[PDB]
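What follows is upload-v2.cif (mmCIF, C-alpha atoms and all ligand atoms).
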data_structure
loop_
_atom_site.group_PDB
_atom_site.id
_atom_site.type_symbol
_atom_site.label_atom_id
_atom_site.label_comp_id
_atom_site.auth_asym_id
_atom_site.auth_seq_id
_atom_site.Cartn_x
_atom_site.Cartn_y
_atom_site.Cartn_z
ATOM 1 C CA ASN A 2 -11.565 -5.432 18.596
ATOM 2 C CA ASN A 3 -11.177 -3.643 21.955
ATOM 3 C CA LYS A 4 -7.733 -2.387 20.864
ATOM 4 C CA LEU A 5 -9.363 -0.921 17.754
ATOM 5 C CA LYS A 6 -11.838 1.317 19.579
ATOM 6 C CA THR A 7 -9.622 4.337 19.189
ATOM 7 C CA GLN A 8 -10.072 7.747 17.732
ATOM 8 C CA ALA A 9 -7.006 7.052 15.583
ATOM 9 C CA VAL A 10 -8.774 4.006 14.080
ATOM 10 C CA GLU A 11 -11.961 5.999 13.622
ATOM 11 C CA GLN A 12 -10.124 8.764 11.699
ATOM 12 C CA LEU A 13 -8.397 6.194 9.467
ATOM 13 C CA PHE A 14 -11.890 4.872 8.655
ATOM 14 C CA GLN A 15 -13.325 8.308 7.988
ATOM 15 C CA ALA A 16 -10.380 9.007 5.731
ATOM 16 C CA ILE A 17 -11.040 5.670 3.904
ATOM 17 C CA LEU A 18 -14.792 6.267 3.624
ATOM 18 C CA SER A 19 -14.238 9.770 2.187
ATOM 19 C CA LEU A 20 -12.522 8.347 -0.893
ATOM 20 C CA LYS A 21 -14.740 9.078 -3.896
ATOM 21 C CA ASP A 22 -13.321 6.902 -6.697
ATOM 22 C CA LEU A 23 -10.709 4.403 -7.598
ATOM 23 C CA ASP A 24 -8.073 6.960 -8.535
ATOM 24 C CA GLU A 25 -8.421 8.462 -5.047
ATOM 25 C CA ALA A 26 -8.240 4.947 -3.583
ATOM 26 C CA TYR A 27 -5.023 4.311 -5.458
ATOM 27 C CA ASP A 28 -3.490 7.640 -4.319
ATOM 28 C CA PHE A 29 -4.449 7.178 -0.711
ATOM 29 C CA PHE A 30 -3.588 3.476 -0.209
ATOM 30 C CA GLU A 31 -0.338 3.878 -2.031
ATOM 31 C CA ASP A 32 0.540 6.720 0.350
ATOM 32 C CA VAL A 33 -0.423 4.749 3.449
ATOM 33 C CA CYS A 34 0.651 1.222 2.461
ATOM 34 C CA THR A 35 3.442 -0.614 0.793
ATOM 35 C CA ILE A 36 2.825 -2.314 -2.556
ATOM 36 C CA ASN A 37 3.072 -5.649 -0.918
ATOM 37 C CA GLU A 38 0.564 -4.787 1.726
ATOM 38 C CA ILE A 39 -1.957 -3.709 -0.862
ATOM 39 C CA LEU A 40 -1.194 -6.876 -2.894
ATOM 40 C CA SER A 41 -1.664 -8.897 0.243
ATOM 41 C CA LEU A 42 -5.090 -7.472 1.024
ATOM 42 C CA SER A 43 -6.275 -7.861 -2.594
ATOM 43 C CA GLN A 44 -5.136 -11.521 -2.522
ATOM 44 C CA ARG A 45 -7.104 -12.168 0.645
ATOM 45 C CA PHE A 46 -10.120 -10.511 -0.806
ATOM 46 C CA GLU A 47 -9.895 -12.624 -4.058
ATOM 47 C CA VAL A 48 -9.344 -15.856 -2.043
ATOM 48 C CA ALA A 49 -12.462 -15.013 -0.106
ATOM 49 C CA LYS A 50 -14.576 -14.402 -3.161
ATOM 50 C CA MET A 51 -13.331 -17.595 -4.898
ATOM 51 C CA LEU A 52 -14.030 -19.521 -1.639
ATOM 52 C CA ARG A 53 -17.624 -18.423 -1.746
ATOM 53 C CA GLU A 54 -17.733 -19.203 -5.410
ATOM 54 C CA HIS A 55 -17.068 -22.809 -4.274
ATOM 55 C CA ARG A 56 -13.694 -23.200 -5.942
ATOM 56 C CA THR A 57 -11.097 -25.665 -4.699
ATOM 57 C CA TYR A 58 -7.971 -24.658 -2.853
ATOM 58 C CA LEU A 59 -5.886 -25.679 -5.893
ATOM 59 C CA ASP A 60 -7.737 -23.419 -8.194
ATOM 60 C CA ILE A 61 -7.574 -20.589 -5.684
ATOM 61 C CA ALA A 62 -3.834 -21.089 -5.144
ATOM 62 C CA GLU A 63 -3.313 -21.026 -8.863
ATOM 63 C CA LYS A 64 -5.349 -18.044 -9.709
ATOM 64 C CA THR A 65 -4.397 -15.886 -6.709
ATOM 65 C CA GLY A 66 -0.913 -17.050 -5.771
ATOM 66 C CA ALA A 67 -1.986 -17.546 -2.167
ATOM 67 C CA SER A 68 -0.435 -20.398 -0.249
ATOM 68 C CA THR A 69 -2.966 -22.847 1.212
ATOM 69 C CA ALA A 70 -2.092 -21.569 4.645
ATOM 70 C CA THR A 71 -3.225 -18.088 3.535
ATOM 71 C CA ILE A 72 -6.324 -19.669 2.041
ATOM 72 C CA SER A 73 -7.096 -21.410 5.318
ATOM 73 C CA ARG A 74 -6.611 -18.189 7.355
ATOM 74 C CA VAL A 75 -8.964 -16.232 5.048
ATOM 75 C CA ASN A 76 -11.407 -19.038 5.335
ATOM 76 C CA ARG A 77 -11.509 -18.591 9.117
ATOM 77 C CA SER A 78 -12.299 -14.872 8.774
ATOM 78 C CA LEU A 79 -14.868 -15.559 6.139
ATOM 79 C CA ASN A 80 -16.729 -18.075 8.215
ATOM 80 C CA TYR A 81 -16.114 -17.024 11.784
ATOM 81 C CA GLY A 82 -15.761 -13.267 11.450
ATOM 82 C CA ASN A 83 -18.068 -10.238 11.151
ATOM 83 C CA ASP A 84 -19.578 -11.258 7.817
ATOM 84 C CA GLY A 85 -17.970 -8.313 6.147
ATOM 85 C CA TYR A 86 -16.736 -10.177 3.056
ATOM 86 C CA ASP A 87 -20.171 -11.615 2.467
ATOM 87 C CA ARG A 88 -21.957 -8.377 2.839
ATOM 88 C CA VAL A 89 -19.657 -6.736 0.226
ATOM 89 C CA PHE A 90 -20.132 -9.767 -2.160
ATOM 90 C CA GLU A 91 -23.913 -9.495 -1.822
ATOM 91 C CA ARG A 92 -23.891 -5.752 -2.179
ATOM 92 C CA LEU A 93 -21.594 -5.574 -5.200
ATOM 93 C CA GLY A 94 -23.137 -8.692 -6.924
ATOM 94 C CA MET A 95 -19.630 -10.098 -7.164
ATOM 95 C CA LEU A 96 -20.017 -13.829 -6.951
ATOM 96 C CA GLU A 97 -19.697 -15.661 -10.286
ATOM 97 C CA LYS A 98 -23.076 -17.446 -10.775
ATOM 98 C CA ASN B 2 2.289 1.106 -8.957
ATOM 99 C CA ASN B 3 2.557 -1.086 -12.082
ATOM 100 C CA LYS B 4 2.155 -4.204 -9.903
ATOM 101 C CA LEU B 5 -1.059 -2.703 -8.525
ATOM 102 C CA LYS B 6 -2.833 -2.340 -11.870
ATOM 103 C CA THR B 7 -4.747 -5.545 -11.372
ATOM 104 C CA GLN B 8 -8.368 -6.462 -11.370
ATOM 105 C CA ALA B 9 -7.809 -7.987 -7.925
ATOM 106 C CA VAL B 10 -6.628 -4.582 -6.631
ATOM 107 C CA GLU B 11 -9.524 -2.850 -8.349
ATOM 108 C CA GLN B 12 -12.084 -5.172 -6.684
ATOM 109 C CA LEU B 13 -10.481 -4.641 -3.261
ATOM 110 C CA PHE B 14 -10.946 -0.896 -3.865
ATOM 111 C CA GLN B 15 -14.538 -1.254 -4.995
ATOM 112 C CA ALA B 16 -15.207 -3.347 -1.924
ATOM 113 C CA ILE B 17 -13.576 -0.604 0.250
ATOM 114 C CA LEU B 18 -15.437 2.235 -1.476
ATOM 115 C CA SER B 19 -18.792 0.448 -1.041
ATOM 116 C CA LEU B 20 -18.530 0.659 2.746
ATOM 117 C CA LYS B 21 -21.289 2.976 3.970
ATOM 118 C CA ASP B 22 -20.379 3.726 7.604
ATOM 119 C CA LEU B 23 -17.906 3.112 10.323
ATOM 120 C CA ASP B 24 -19.564 -0.044 11.609
ATOM 121 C CA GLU B 25 -19.243 -1.530 8.111
ATOM 122 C CA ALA B 26 -15.623 -0.343 8.007
ATOM 123 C CA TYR B 27 -14.932 -2.099 11.278
ATOM 124 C CA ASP B 28 -16.595 -5.348 10.093
ATOM 125 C CA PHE B 29 -14.819 -5.387 6.777
ATOM 126 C CA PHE B 30 -11.279 -4.380 7.848
ATOM 127 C CA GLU B 31 -11.397 -6.698 10.790
ATOM 128 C CA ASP B 32 -12.290 -9.532 8.404
ATOM 129 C CA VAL B 33 -9.528 -8.662 5.948
ATOM 130 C CA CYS B 34 -6.768 -7.482 8.307
ATOM 131 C CA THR B 35 -5.142 -8.351 11.554
ATOM 132 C CA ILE B 36 -5.554 -6.021 14.535
ATOM 133 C CA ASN B 37 -1.976 -5.028 14.265
ATOM 134 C CA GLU B 38 -2.250 -4.186 10.626
ATOM 135 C CA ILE B 39 -5.194 -1.918 11.260
ATOM 136 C CA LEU B 40 -3.328 -0.361 14.232
ATOM 137 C CA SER B 41 -0.344 0.121 11.994
ATOM 138 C CA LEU B 42 -2.267 1.971 9.300
ATOM 139 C CA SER B 43 -4.064 4.185 11.852
ATOM 140 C CA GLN B 44 -0.671 5.070 13.401
ATOM 141 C CA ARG B 45 0.712 6.076 10.025
ATOM 142 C CA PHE B 46 -2.326 8.126 9.311
ATOM 143 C CA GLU B 47 -2.077 9.948 12.732
ATOM 144 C CA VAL B 48 1.698 10.532 12.264
ATOM 145 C CA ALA B 49 0.900 12.086 8.927
ATOM 146 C CA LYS B 50 -1.750 14.392 10.279
ATOM 147 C CA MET B 51 0.436 15.484 13.243
ATOM 148 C CA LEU B 52 3.326 16.069 10.767
ATOM 149 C CA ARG B 53 1.191 18.479 8.826
ATOM 150 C CA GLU B 54 0.047 20.026 12.041
ATOM 151 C CA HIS B 55 3.746 20.961 12.466
ATOM 152 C CA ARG B 56 4.387 18.893 15.570
ATOM 153 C CA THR B 57 7.847 17.650 16.492
ATOM 154 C CA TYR B 58 8.939 14.059 16.154
ATOM 155 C CA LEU B 59 9.014 13.758 19.967
ATOM 156 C CA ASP B 60 5.466 14.804 20.337
ATOM 157 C CA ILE B 61 4.408 12.522 17.507
ATOM 158 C CA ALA B 62 6.309 9.568 18.984
ATOM 159 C CA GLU B 63 4.661 10.195 22.300
ATOM 160 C CA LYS B 64 1.155 10.606 21.165
ATOM 161 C CA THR B 65 1.139 7.875 18.499
ATOM 162 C CA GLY B 66 3.686 5.346 19.717
ATOM 163 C CA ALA B 67 5.451 5.419 16.360
ATOM 164 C CA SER B 68 9.201 5.025 16.338
ATOM 165 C CA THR B 69 11.054 7.889 14.635
ATOM 166 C CA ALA B 70 11.936 5.537 11.829
ATOM 167 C CA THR B 71 8.196 5.039 11.197
ATOM 168 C CA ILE B 72 7.747 8.792 11.423
ATOM 169 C CA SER B 73 10.470 9.339 8.843
ATOM 170 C CA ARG B 74 8.975 6.736 6.445
ATOM 171 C CA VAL B 75 5.504 8.345 6.670
ATOM 172 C CA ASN B 76 7.119 11.658 6.087
ATOM 173 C CA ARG B 77 8.521 10.415 2.769
ATOM 174 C CA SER B 78 5.065 9.295 1.595
ATOM 175 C CA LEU B 79 3.521 12.500 2.759
ATOM 176 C CA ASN B 80 5.943 14.674 0.884
ATOM 177 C CA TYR B 81 6.989 12.605 -2.091
ATOM 178 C CA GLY B 82 3.885 10.533 -2.741
ATOM 179 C CA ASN B 83 0.511 10.982 -4.473
ATOM 180 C CA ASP B 84 -0.744 13.695 -2.128
ATOM 181 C CA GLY B 85 -3.406 11.396 -0.835
ATOM 182 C CA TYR B 86 -2.950 12.224 2.861
ATOM 183 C CA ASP B 87 -3.195 15.916 2.134
ATOM 184 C CA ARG B 88 -6.248 15.640 0.031
ATOM 185 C CA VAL B 89 -8.068 13.705 2.817
ATOM 186 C CA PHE B 90 -6.890 16.306 5.453
ATOM 187 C CA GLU B 91 -8.202 19.152 3.294
ATOM 188 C CA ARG B 92 -11.415 17.363 2.512
ATOM 189 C CA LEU B 93 -12.237 16.282 6.059
ATOM 190 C CA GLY B 94 -11.027 19.604 7.664
ATOM 191 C CA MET B 95 -8.835 17.522 9.942
ATOM 192 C CA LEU B 96 -5.821 19.644 10.668
ATOM 193 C CA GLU B 97 -5.810 21.272 14.122
ATOM 194 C CA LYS B 98 -5.706 25.063 13.439
HETATM 195 MG MG MG A 101 -8.580 7.267 22.076
HETATM 196 MG MG MG A 102 6.893 -4.521 2.532
HETATM 197 MG MG MG A 103 -1.707 -13.606 4.407
HETATM 198 MG MG MG A 104 -5.416 -8.704 -14.124
HETATM 199 MG MG MG A 105 0.011 -9.712 12.892
HETATM 200 MG MG MG A 106 5.461 1.302 9.889
#

Give the structure from this file in C-alpha cells form.
Ligand SMILES: [Mg+2]
Ligand SMILES: [Mg+2]
Ligand SMILES: [Mg+2]
Ligand SMILES: [Mg+2]
Ligand SMILES: [Mg+2]
Ligand SMILES: [Mg+2]
Amino acid sequence: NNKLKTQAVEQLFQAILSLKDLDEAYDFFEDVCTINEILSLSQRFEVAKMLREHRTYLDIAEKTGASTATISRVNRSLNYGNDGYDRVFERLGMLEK
Amino acid sequence: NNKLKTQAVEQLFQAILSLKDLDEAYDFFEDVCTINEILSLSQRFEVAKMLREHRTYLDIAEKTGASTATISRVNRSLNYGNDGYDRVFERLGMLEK
C-alpha cells in the first residue's frame, strides 16, 4: 500500500476512472496490458465471484481454468483484503441468487 | 483481442468502470492485483505520457525507473495500438505543455 501512494499510481487510476464504456476499456487495457495479463485479472475476478456464489473449488477450476493455488490466493484477497470485490458484487448485483 | 471477447473480460471491465473514486480504485485494484503489477501498469502509463511529452529515453528511465526495453515496448503500444493512451491524455488534459 505505502509503495502505491504515488502520483504515478494516482494518474493511472484517473486514467482508468475516465473510461466511459466497454469499448474504451478494451482500447485502453489492451494498450497498457498484455492479453495474458487481462485474462489473468478477469480469471481472478470470476474466481472471486464464484467463491462468493458458494461454488466448490472444482467447479471454479473447471469454469475459469484457474489452478487451485490461484483460487486460494484470490480467496485470501477476497476475505482479508479491502472488500473491493464484495463492494463491486453488491453494487453491480452480480452474484447468482 | 479475439481471446479477450469473453464474458469474464466484460465483467472485469464493468467492475472497473463502476469504480466511483480513487479510494475505490485503490481498494479494488489492490484486491485484484499485486503491488508490483499495479506499479508496473503505472510505470507504463507514465512512460507513455512522458513519450508524448517528447522526453528522451534517458529522462524517462530516470524519472520512471523503466528500463529502455520497457520504454520501447510501451512505445509500440502507444504508436501501433488502439490509441487508448492518447485518448486518455487528450481527455484528461495531461500532457505537460
Ligand atoms: Mg510521488
Ligand atoms: Mg505476457
Ligand atoms: Mg494468479
Ligand atoms: Mg464466454
Ligand atoms: Mg508479484
Ligand atoms: Mg514492462

*Shell of 9 Å around ligand MG 104 (chain A) (all atoms listed in the file), written as a ChimeraX atom specification*: /B:6-10

Let's have the selection written as a short mmCIF file (atom, residue, chain, number, x, y, z; two decimals), in the frame of the given file, with C-alpha atoms.
data_model
loop_
_atom_site.label_atom_id
_atom_site.label_comp_id
_atom_site.auth_asym_id
_atom_site.auth_seq_id
_atom_site.Cartn_x
_atom_site.Cartn_y
_atom_site.Cartn_z
CA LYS B 6 -2.83 -2.34 -11.87
CA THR B 7 -4.75 -5.54 -11.37
CA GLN B 8 -8.37 -6.46 -11.37
CA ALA B 9 -7.81 -7.99 -7.92
CA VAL B 10 -6.63 -4.58 -6.63
#

*Spell out the residues picked by the PyMOL selection byres (((not hetatm)) within 7 of (chain A and resi 105)) here, as a ChimeraX atom specification.*
/B:35-38

Would you mind exporting the chosen residues as an mmCIF file, in the coordinates of the input, restricted to C-alpha atoms?
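Saved file result_16.cif follows:
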data_model
loop_
_atom_site.group_PDB
_atom_site.id
_atom_site.type_symbol
_atom_site.label_atom_id
_atom_site.label_comp_id
_atom_site.auth_asym_id
_atom_site.auth_seq_id
_atom_site.Cartn_x
_atom_site.Cartn_y
_atom_site.Cartn_z
ATOM 1 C CA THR B 35 -5.142 -8.351 11.554
ATOM 2 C CA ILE B 36 -5.554 -6.021 14.535
ATOM 3 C CA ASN B 37 -1.976 -5.028 14.265
ATOM 4 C CA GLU B 38 -2.250 -4.186 10.626
#

Could you write out as a PDB file with C-alpha atoms, keeping the file's coordinate frame the residues of chain A within 8 Å of chain B, counting all atoms listed in the file?
ATOM      1  CA  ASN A   2     -11.565  -5.432  18.596  1.00  0.00           C
ATOM      2  CA  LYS A   4      -7.733  -2.387  20.864  1.00  0.00           C
ATOM      3  CA  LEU A   5      -9.363  -0.921  17.754  1.00  0.00           C
ATOM      4  CA  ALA A   9      -7.006   7.052  15.583  1.00  0.00           C
ATOM      5  CA  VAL A  10      -8.774   4.006  14.080  1.00  0.00           C
ATOM      6  CA  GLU A  11     -11.961   5.999  13.622  1.00  0.00           C
ATOM      7  CA  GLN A  12     -10.124   8.764  11.699  1.00  0.00           C
ATOM      8  CA  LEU A  13      -8.397   6.194   9.467  1.00  0.00           C
ATOM      9  CA  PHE A  14     -11.890   4.872   8.655  1.00  0.00           C
ATOM     10  CA  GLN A  15     -13.325   8.308   7.988  1.00  0.00           C
ATOM     11  CA  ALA A  16     -10.380   9.007   5.731  1.00  0.00           C
ATOM     12  CA  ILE A  17     -11.040   5.670   3.904  1.00  0.00           C
ATOM     13  CA  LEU A  18     -14.792   6.267   3.624  1.00  0.00           C
ATOM     14  CA  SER A  19     -14.238   9.770   2.187  1.00  0.00           C
ATOM     15  CA  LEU A  20     -12.522   8.347  -0.893  1.00  0.00           C
ATOM     16  CA  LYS A  21     -14.740   9.078  -3.896  1.00  0.00           C
ATOM     17  CA  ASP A  22     -13.321   6.902  -6.697  1.00  0.00           C
ATOM     18  CA  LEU A  23     -10.709   4.403  -7.598  1.00  0.00           C
ATOM     19  CA  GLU A  25      -8.421   8.462  -5.047  1.00  0.00           C
ATOM     20  CA  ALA A  26      -8.240   4.947  -3.583  1.00  0.00           C
ATOM     21  CA  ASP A  28      -3.490   7.640  -4.319  1.00  0.00           C
ATOM     22  CA  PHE A  29      -4.449   7.178  -0.711  1.00  0.00           C
ATOM     23  CA  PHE A  30      -3.588   3.476  -0.209  1.00  0.00           C
ATOM     24  CA  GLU A  31      -0.338   3.878  -2.031  1.00  0.00           C
ATOM     25  CA  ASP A  32       0.540   6.720   0.350  1.00  0.00           C
ATOM     26  CA  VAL A  33      -0.423   4.749   3.449  1.00  0.00           C
ATOM     27  CA  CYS A  34       0.651   1.222   2.461  1.00  0.00           C
ATOM     28  CA  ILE A  36       2.825  -2.314  -2.556  1.00  0.00           C
ATOM     29  CA  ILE A  39      -1.957  -3.709  -0.862  1.00  0.00           C
ATOM     30  CA  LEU A  40      -1.194  -6.876  -2.894  1.00  0.00           C
ATOM     31  CA  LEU A  42      -5.090  -7.472   1.024  1.00  0.00           C
ATOM     32  CA  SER A  43      -6.275  -7.861  -2.594  1.00  0.00           C
ATOM     33  CA  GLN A  44      -5.136 -11.521  -2.522  1.00  0.00           C
ATOM     34  CA  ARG A  45      -7.104 -12.168   0.645  1.00  0.00           C
ATOM     35  CA  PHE A  46     -10.120 -10.511  -0.806  1.00  0.00           C
ATOM     36  CA  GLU A  47      -9.895 -12.624  -4.058  1.00  0.00           C
ATOM     37  CA  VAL A  75      -8.964 -16.232   5.048  1.00  0.00           C
ATOM     38  CA  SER A  78     -12.299 -14.872   8.774  1.00  0.00           C
ATOM     39  CA  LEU A  79     -14.868 -15.559   6.139  1.00  0.00           C
ATOM     40  CA  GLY A  82     -15.761 -13.267  11.450  1.00  0.00           C
ATOM     41  CA  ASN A  83     -18.068 -10.238  11.151  1.00  0.00           C
ATOM     42  CA  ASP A  84     -19.578 -11.258   7.817  1.00  0.00           C
ATOM     43  CA  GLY A  85     -17.970  -8.313   6.147  1.00  0.00           C
ATOM     44  CA  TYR A  86     -16.736 -10.177   3.056  1.00  0.00           C
ATOM     45  CA  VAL A  89     -19.657  -6.736   0.226  1.00  0.00           C
ATOM     46  CA  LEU A  93     -21.594  -5.574  -5.200  1.00  0.00           C
TER      47      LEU A  93
END

8 Å per side around stretch 4-20 of chain A: axis-aligned box centre and edge lengths, as JSON:
{"center_x": -10.9, "center_y": 3.7, "center_z": 10.0, "size_x": 23.8, "size_y": 28.2, "size_z": 37.8}

*For the structure shown, which residues end up in the PyMOL selection byres (((chain B and resi 62) around 12) and not hetatm)? Put them as JSON, numbers by chain, please?*
{"B": [44, 45, 47, 48, 49, 51, 52, 56, 57, 58, 59, 60, 61, 63, 64, 65, 66, 67, 68, 69, 70, 71, 72, 73]}

*Gap from atom CA of residue A:97 to atom CA of residue A:54 - Å, one decimal*: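 We find that atom CA of residue A:97 and atom CA of residue A:54 lie 6.3 Å from each other.
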
*To one decimal place, how far is atom CA of residue A:94 from atom CA of residue A:74 in Å?*
23.8 Å
